[PDB]
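Chemist: The structure under discussion is supplied below as structure tokens; questions concerning it will follow.
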Amino acid sequence: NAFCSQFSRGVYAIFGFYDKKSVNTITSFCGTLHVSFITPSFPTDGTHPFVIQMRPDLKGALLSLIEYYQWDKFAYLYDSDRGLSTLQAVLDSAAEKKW
Amino acid sequence: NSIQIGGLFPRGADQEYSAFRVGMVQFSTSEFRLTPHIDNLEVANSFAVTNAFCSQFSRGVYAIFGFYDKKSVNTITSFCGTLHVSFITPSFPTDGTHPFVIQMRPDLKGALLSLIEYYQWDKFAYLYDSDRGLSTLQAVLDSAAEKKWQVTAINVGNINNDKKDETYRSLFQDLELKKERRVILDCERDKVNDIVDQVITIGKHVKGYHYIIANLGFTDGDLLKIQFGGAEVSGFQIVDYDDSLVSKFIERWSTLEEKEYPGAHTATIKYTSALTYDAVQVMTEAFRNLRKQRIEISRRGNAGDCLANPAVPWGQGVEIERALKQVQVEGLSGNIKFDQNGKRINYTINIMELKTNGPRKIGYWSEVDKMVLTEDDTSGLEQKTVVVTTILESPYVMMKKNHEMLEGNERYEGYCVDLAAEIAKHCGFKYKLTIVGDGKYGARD
Amino acid sequence: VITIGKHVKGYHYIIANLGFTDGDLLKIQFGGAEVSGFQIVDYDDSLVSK
Ligand SMILES: *[C@@H]1O[C@H](CO)[C@@H](O)[C@H](O)[C@H]1NC(C)=O
């Protein structure tokens, strides 16, 4: 509702936050209707046009710090709210590097 | 009476569209009829699903039949929960308690876990795809901590089409370095057929390997090529062809016309199309029951657009969802009974195995009676227990001091007892020691 | 050979004809079994390559 009401107003760009539930709604609407979306939320997995992510990635920083401390056995506690893309990185790297 | 409903079908759902039309003709009654109003869309696009829902809300529908995906499950359950329109689907079950949504697919996570403790696995691999949600992966990872497993989970879904053969072969070589003999496949029918073909080419269907295909359709895929290889394959199925109600349907299904009904002239049906056929029965049974208790659901007032501020419910929709959940019939899947949330309860899943003759049946799974084997196997008569006779003389055969506590071969000790153990090892048999009854070595009267 | 699983490591095959690469050879290539053979036509030769 709030996307289409501001689209009727004739706005140039939209600044907002999204969750894991509404990430698919934003990237589909802005891709079709060709409006830019600037967000400080978590980056989307894959590539989507017309979306500007302001938050840097973190998957490279974890795999460096774990390797620096030289860990082989640990426990990973996660919350599902930002997606499961971080868990999929540390499960695929675990099989390659024997964790 | 004519009841007007809606339909949302994906691009290329040819067999499910055919089983929808066959279910219309057979479950038609002279008392009332159903109007389909079928639309076609891209299921992954949330924009296209939003236009399709608000269009059929403008015409005015009593219920909506459709499919969804992971990328659009949240669009469906939010619209149906707010605007009070019921939704019947054969897709994957949602996580939580969403109102106004009827799931026609049985759950799988309880059956998959119980099969693993039956084969008694401690270490295995798990290949998954991200399309149906990660609910099955989160089930086995949480259960691995409390019951002491070692699970290797690899994402196989995002492989590009052009570079398939390099990526699958690099994958199994990494599993070979870990000496992973046990693999679980959680993929759809097209993705399983691609992995199975890459298994054979590099030579991984030989004796010593085991595979579990974690979907409700076991025999829907190609199965002849791994049949003669030598590796055991287990799986699950909800459709029983030996049942008379299913076998009557297959006889009508094979004799249909290809040019009118595409995909009809086959010997088998998919589990997706079977639940599409059953859903027409559930929708017809509800409005037949709803007219029988004299409840009027006529809505002469116009709906308007879906984007109404404030959004208003219509109280006849509360009556309809209670009628849909209170439906108990018999179908191709089996007994169809619903709980309060709308998920199927009181169902059976058939555990199957692949043999050189073909797929067989070794039991079933139910939520009250966890795993029940089917006693159709007689074995053990091939092995012989050789009867060894002896006499009690020291130090050849002697009774141990705790002979009351022990039983059988453990009771005796001596020279001949150790000699009997050595000969059975070199010859390769099993034995049972018996004292001679007469107590004499041997003579002839 | 492939269907019953006899192209794995530990097996050897000799194809006794003058045409080795004329038949289909990609399917036993990645398996693991050694295959030997004979050929009289040399594609590296300039007269053949012309
Ligand atoms: C399911 O319930 C019905 C009665 O409501 C019963 O006849 C049937 O046997 C039940 N299913 C199983 C597998 O016991």
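For chain B, we keep the numbers from Swiss-Prot: what you see runs 25-398, 405-475, in order.
The header says electron microscopy, 3.6 Å.
The backbone N, Cα and C atoms fix where each Cβ goes, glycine too.
Sharing the feature lines straight out of Swiss-Prot:
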DISULFID  B:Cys78-B:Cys330  disulfide bond
CARBOHYD  B:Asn370  N-linked glycosylation site
SITE      B:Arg474  site 'Interaction with the cone snail toxin Con-ikot-ikot'
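Give me the structural setting of these features: burial, nearby parts and distances.
Modeler: Secondary structure at B:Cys330 (disulfide bond), as computed by DSSP, is coil. In sequence order, B:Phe77, B:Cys78, B:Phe81, B:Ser82, B:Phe103, B:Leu107 are the residues of the chain that are 6 or more apart from B:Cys330 (disulfide bond) and have a CB within less than 8 Å of its CB.
Reduced to three states, the DSSP call for B:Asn370 (N-linked glycosylation site) is coil.
Following the DSSP three-state reduction, the secondary structure of B:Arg474 (site 'Interaction with the cone snail toxin Con-ikot-ikot') is coil. Using a 10 Å Cβ-Cβ cutoff, B:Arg474 (site 'Interaction with the cone snail toxin Con-ikot-ikot') registers 3 neighbours.
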Chemist: Can you tell me how many other Cβ atoms are located within 10 Å of the Cβ belonging to B:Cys78 (disulfide bond)?
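Modeler: Taking every protein chain into account, the count is 15.
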Chemist: Any of the recorded positions B:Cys78, B:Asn370, B:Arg474 with a C-beta atom under 6 A from ligand 1? Give them in order, or none.
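Modeler: If the test is a Cβ under 6 Å from any atom of ligand 1, the answer is B:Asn370.
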Chemist: In Å, rounded, how far does the Cα of B:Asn370 (N-linked glycosylation site) sit from the Cα of B:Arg474 (site 'Interaction with the cone snail toxin Con-ikot-ikot')?
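Modeler: Taking the Cα atoms only, B:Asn370 (N-linked glycosylation site) lies 71 Å from B:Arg474 (site 'Interaction with the cone snail toxin Con-ikot-ikot').
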